[PDB]
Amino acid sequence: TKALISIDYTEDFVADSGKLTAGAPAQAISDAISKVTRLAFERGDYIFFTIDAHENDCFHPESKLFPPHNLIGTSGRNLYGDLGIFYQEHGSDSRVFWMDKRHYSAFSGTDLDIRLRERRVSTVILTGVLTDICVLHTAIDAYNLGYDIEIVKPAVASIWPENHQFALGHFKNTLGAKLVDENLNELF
């Protein structure tokens, strides 16, 4: 049994009127990200929604770098597409988690590692946005914490195609990650 991590696939990151939207490339993965999450859950895997929870926060260095996004209590934090429907169906399940984060990495200042260790999880499966920012930082932390890594290629996206390509190369060649499709089958 593995764990699938769903990173920042919310209105503010995906929708056209989103505060920090990736636009077309992020919208394009909506079908794949929902399909792969449903499949992982059906298999018995743990699902962790790791979602930006921002505040107005003078002490956060990220405030100077990006405009306000994923603000607590706003509709910008709602999950985009059929993924949101999956959460409506199974959000209260013991195997499904909602986790607020303040840094890019899903591990930083959270209890993600603790929850995975409780369940003796050795492999993480990464999905969401952006490939070169919150997926990259999460993957690097996962590597340093000794997890096997899988990346769902058609269920990650970035605003810049060149940055998306760098990150995929980094996952495979530096982190030793397995690149998989929406059916959780290894790509060659």
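Residue positions are given as counts along the sequence shown, with the first one as 1.
Exercise for the section: Could you tell me how many residues of the deposited sequence sit unmodelled between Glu55 and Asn56 (none, 1 to 3, 4 to 9, 10 or more)? Expected result: 1 to 3 residues are missing.
Practice task
Select between 78-86 and 110-118 the stretch whose C-alpha atoms have the higher average B-factor in the entry.
Solution key: Between 78-86 and 110-118, it is 78-86.
Practice task
Could you check which stretch, 46-54 or 60-68, carries the larger mean CA temperature factor in the entry?
Solution key: If you average the C-alpha B-factors of 46-54 and of 60-68, the larger mean comes out for 60-68.
Problem - For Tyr9, the third of its chain into which the C-alpha B factor falls - result: Ranked within chain, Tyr9 CA B lands in the middle tercile.
Practice task
Using the B-factor values recorded in the entry, state whether the Cα atom of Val180 falls in the lowest, middle or highest third among the modelled residues of its chain.
Solution key: Middle third, going by the recorded CA B-factors of the chain.
Problem - Ranked C-alpha temperature factor of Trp160 among modelled chain residues, by third - result: Its C-alpha B-factor belongs to the highest third of this chain's values.
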